[PDB]
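Structure, as structure tokens:
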Amino acid sequence: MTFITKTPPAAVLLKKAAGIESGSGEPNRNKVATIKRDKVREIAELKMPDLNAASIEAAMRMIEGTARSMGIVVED
């Protein structure tokens, strides 16, 4: 996936894949999808080989905080 196939940014990829299309569209309190680590897990795996992540748990760190930018909650 290194040929004109660059993945999207954590948030986008998160709000996109984990944040579905946009069940909200005009939210307010934020958080429109509560996915388990299984989502930020794969998501990080895809955007892992290309992102500046520093490690699995490291990707979830910046990946999770980024999710809070839209509404991709993450529960253990």
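By convention here, the chains of the structure tokens are called A, B, ... in the order presented, each chain's residues are numbered starting at 1, and ligands are numbered starting at 1 in the order presented.
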
Would you write out, as a Markdown table, a table of all residues in range 38-71 of chain A that have an atom no more than 8 Å from an atom of range 6-21 of chain A, listing for each the closest atom pair and the distance in Å to one decimal, considering only C-alpha atoms and ordering rows by chain and rising residue number?
```
| residue | atom | partner | partner_atom | distance |
| --- | --- | --- | --- | --- |
| A:39 | CA | A:18 | CA | 6.5 |
| A:40 | CA | A:14 | CA | 7.2 |
| A:43 | CA | A:14 | CA | 7.1 |
| A:44 | CA | A:10 | CA | 7.7 |
| A:46 | CA | A:7 | CA | 7.3 |
| A:47 | CA | A:7 | CA | 5.7 |
| A:50 | CA | A:6 | CA | 7.3 |
| A:63 | CA | A:10 | CA | 5.5 |
| A:66 | CA | A:11 | CA | 5.1 |
| A:67 | CA | A:11 | CA | 5.1 |
| A:69 | CA | A:11 | CA | 6.7 |
| A:70 | CA | A:15 | CA | 6.2 |
| A:71 | CA | A:15 | CA | 6.7 |
```

Just to confirm, what's the straight-line distance from CA of residue 73 in chain A to CA of residue 60 in chain A in Å (one decimal)?
11.6 Å

As a tab-separated table (two decimals) with N, CA and C atoms, in the first residue's frame, please: every residue in chain A that DSSP puts in strand (DSSP E or B).
```tsv
chain	number	residue	atom	x	y	z
A	33	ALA	N	-19.68	7.27	17.96
A	33	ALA	CA	-19.44	5.82	17.74
A	33	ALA	C	-18.45	5.30	18.78
A	34	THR	N	-18.85	4.33	19.55
A	34	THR	CA	-17.92	3.77	20.58
A	34	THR	C	-17.37	2.43	20.09
A	35	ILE	N	-16.20	2.43	19.52
A	35	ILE	CA	-15.61	1.16	19.02
A	35	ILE	C	-14.59	0.64	20.03
A	36	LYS	N	-14.34	-0.63	20.04
A	36	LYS	CA	-13.34	-1.18	21.00
A	36	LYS	C	-11.95	-1.03	20.38
A	49	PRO	N	1.95	1.35	8.78
A	49	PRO	CA	3.05	1.36	7.80
A	49	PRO	C	2.95	2.59	6.91
A	51	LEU	N	2.32	5.91	8.82
A	51	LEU	CA	2.09	7.00	9.81
A	51	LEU	C	3.36	7.22	10.63
A	72	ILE	N	-14.92	9.35	17.66
A	72	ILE	CA	-14.58	7.90	17.62
A	72	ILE	C	-14.13	7.44	19.01
A	73	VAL	N	-15.05	7.24	19.91
A	73	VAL	CA	-14.67	6.80	21.28
A	73	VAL	C	-13.99	5.44	21.21
A	74	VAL	N	-13.29	5.07	22.24
A	74	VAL	CA	-12.60	3.75	22.24
A	74	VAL	C	-12.63	3.15	23.65
A	75	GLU	N	-13.32	2.06	23.82
A	75	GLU	CA	-13.40	1.43	25.16
A	75	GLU	C	-12.58	0.13	25.17
```

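When DSSP reads the backbone of this structure, the residues of chain A it assigns to alpha helix (DSSP H) are residues 10, 11, 12, 13, 37, 38, 39, 40, 41, 42, 43, 44, 45, 46, 56, 57, 58, 59, 60, 61, 62, 63, 64, 65, 66 and 67 of chain A.
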
Could those selected residues go to a file with N, CA and C atoms, as a compact mmCIF listing (two decimals), in the first residue's frame?
```
# COMPACT_ATOMS: atom_id res chain seq x y z
N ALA A 10 -5.41 9.73 10.96
CA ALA A 10 -6.09 9.00 12.07
C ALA A 10 -7.55 9.45 12.19
N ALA A 11 -7.77 10.66 12.61
CA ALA A 11 -9.16 11.16 12.76
C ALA A 11 -10.00 10.74 11.55
N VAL A 12 -9.74 11.33 10.41
CA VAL A 12 -10.53 10.97 9.19
C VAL A 12 -10.72 9.45 9.13
N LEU A 13 -9.65 8.71 9.04
CA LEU A 13 -9.77 7.23 8.97
C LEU A 13 -10.64 6.74 10.12
N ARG A 37 -10.93 -1.46 21.07
CA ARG A 37 -9.56 -1.33 20.51
C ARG A 37 -9.48 -2.08 19.18
N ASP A 38 -10.43 -2.94 18.93
CA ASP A 38 -10.42 -3.71 17.66
C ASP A 38 -10.47 -2.76 16.46
N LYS A 39 -11.09 -1.62 16.61
CA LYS A 39 -11.18 -0.66 15.48
C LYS A 39 -9.88 0.14 15.38
N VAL A 40 -9.52 0.82 16.43
CA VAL A 40 -8.26 1.61 16.39
C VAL A 40 -7.10 0.62 16.26
N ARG A 41 -7.37 -0.63 16.50
CA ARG A 41 -6.29 -1.65 16.37
C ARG A 41 -6.01 -1.86 14.88
N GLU A 42 -7.01 -2.27 14.14
CA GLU A 42 -6.82 -2.48 12.68
C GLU A 42 -6.48 -1.14 12.04
N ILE A 43 -7.31 -0.16 12.26
CA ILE A 43 -7.07 1.19 11.70
C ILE A 43 -5.59 1.54 11.86
N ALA A 44 -5.07 1.43 13.05
CA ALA A 44 -3.63 1.76 13.26
C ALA A 44 -2.78 0.82 12.41
N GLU A 45 -3.19 -0.41 12.28
CA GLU A 45 -2.40 -1.38 11.46
C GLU A 45 -2.33 -0.88 10.02
N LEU A 46 -3.44 -0.45 9.49
CA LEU A 46 -3.45 0.05 8.09
C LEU A 46 -2.61 1.32 7.99
N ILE A 56 2.82 0.20 18.34
CA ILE A 56 1.38 -0.19 18.45
C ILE A 56 0.70 0.70 19.49
N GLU A 57 0.96 0.48 20.74
CA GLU A 57 0.32 1.31 21.80
C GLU A 57 0.56 2.79 21.49
N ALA A 58 1.65 3.11 20.85
CA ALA A 58 1.94 4.53 20.52
C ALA A 58 0.91 5.03 19.49
N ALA A 59 0.62 4.24 18.50
CA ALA A 59 -0.37 4.67 17.47
C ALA A 59 -1.71 4.93 18.14
N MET A 60 -2.13 4.03 18.98
CA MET A 60 -3.43 4.20 19.68
C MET A 60 -3.39 5.49 20.50
N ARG A 61 -2.25 5.83 21.04
CA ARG A 61 -2.15 7.07 21.84
C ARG A 61 -2.54 8.26 20.97
N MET A 62 -1.79 8.52 19.93
CA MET A 62 -2.13 9.66 19.03
C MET A 62 -3.40 9.33 18.25
N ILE A 63 -3.62 8.07 17.97
CA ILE A 63 -4.84 7.68 17.21
C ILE A 63 -6.08 7.94 18.08
N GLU A 64 -6.04 7.53 19.32
CA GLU A 64 -7.22 7.75 20.21
C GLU A 64 -7.46 9.25 20.37
N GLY A 65 -6.52 9.96 20.94
CA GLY A 65 -6.69 11.42 21.13
C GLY A 65 -7.26 12.04 19.85
N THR A 66 -6.76 11.64 18.71
CA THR A 66 -7.28 12.19 17.43
C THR A 66 -8.77 11.86 17.30
N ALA A 67 -9.15 10.66 17.65
CA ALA A 67 -10.58 10.27 17.55
C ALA A 67 -11.44 11.27 18.32
```

Would you mind reading off the distance between CA of residue 3 in chain A and CA of residue 54 in chain A, one decimal, in Å?
22.3 Å
